[PDB]
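Next up: a single chain in structure tokens, the form deposited in one PDB entry.
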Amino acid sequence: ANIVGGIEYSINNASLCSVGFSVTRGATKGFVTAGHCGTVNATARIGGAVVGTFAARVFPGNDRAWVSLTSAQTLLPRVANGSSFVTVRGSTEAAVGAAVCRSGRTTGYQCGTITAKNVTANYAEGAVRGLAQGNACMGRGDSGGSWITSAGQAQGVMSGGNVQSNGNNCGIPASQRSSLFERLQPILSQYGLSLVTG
């Protein structure tokens, strides 16, 4: 499969999440995603085919993971925006107030701004600390997906948000949205990963 930020993958033939970013770990191909999406050794599929397995994850406390891929996968420095692509150019962290977008299999490509940092989410499994917050909308299934600026600086991966009874927060105003992402930089250093760029 071609590995593009925002696309759907399944975990152990059950849950669906979204790809974060193509990465390498030496000769090993991978993608980063959210930790709550899968447990270590869980099998990832795209287009019905096995593409790899969860190599490592921290959740709760943090919310991060990477999936180690078979050599047959094609890593791409891209995030889905409809039928088009945003090129991944680096991982410069944007400040509060910056515009940012996110990509995932449920709500697609959505934009907003970064509204806060160092936010704690209290999930059913426990607290996750240190999250960044934006007001781009999102929904169930977007977890793991890319957060990236329009200039191509990868920000993080989708963790969670204040979804409403329809499964998303797109039906409430931006001023009322809390859409939380795990910062990319600590994921890259914790696992020794390099971002695939173009």
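Note that residue numbering begins at 1 and tracks the sequence as displayed.
| Between 142 to 150 and 161 to 169 (mean CA B-factor, as deposited), the higher | The stretch with the larger mean CA B-factor is 161 to 169.
| query | Highest Cα B-factor in the PDB entry belongs to which of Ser18, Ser189, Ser22, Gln176? | reply | So the option with the highest C-alpha B-factor is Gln176.
| query | Can you tell me which of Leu75, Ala121, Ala80, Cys101 has the highest Cα temperature factor in the record? | reply | Across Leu75, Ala121, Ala80, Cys101, the entry lists the biggest C-alpha B-factor for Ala121.
| Going by the entry, which third of its chain does the Cα temperature factor of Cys137 land in? | Middle third - that is where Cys137 ends up once the chain's C-alpha B-factors are sorted.
| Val128's Cα B-factor: lowest, middle or highest third of the chain? | Ranked within chain, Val128 CA B lands in the middle tercile.
| said: Ranking the modelled residues of this chain by C-alpha B-factor as given in the entry, is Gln185 in the lowest, middle or highest third? | reply: Ranked within chain, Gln185 CA B lands in the middle tercile.
| message | Sorting by Cα B-factor within the chain, modelled residues only, which third would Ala27 end up in: lowest, middle or highest? | response | Within its chain, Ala27 is a highest-third residue by C-alpha B-factor, going by the deposited values.
| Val58 - Cα temperature factor, lowest/middle/highest third of chain | According to the entry, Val58 has a C-alpha B-factor in the chain's middle third.
In what follows, reference is made to the form solved in complex with a partner chain, a form of this protein that is not presented.
| request: Answer with yes or no whether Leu184 is in contact with its partner chain in the bound PDB entry, where contact means some heavy atom within 4.5 Å. | output: No - in the bound PDB entry, heavy atoms of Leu184 and its partner chain never come within 4.5 Å of each other.
| Partner contact for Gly30 in the bound PDB entry: its partner chain, 4.5 angstroms, heavy atom | Judged by the heavy-atom cut-off of 4.5 Å, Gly30 is well away from its partner chain in the bound PDB entry.
| field | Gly52, heavy atom within 4.5 angstroms of its partner chain in the bound PDB entry | value | Heavy-atom contact with its partner chain at 4.5 Å: absent for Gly52.
| query | Closest heavy atom of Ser178 to its partner chain in the bound PDB entry, within 4.5 Å or not? | reply | The answer is yes: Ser178 has a heavy atom within 4.5 Å of its partner chain.
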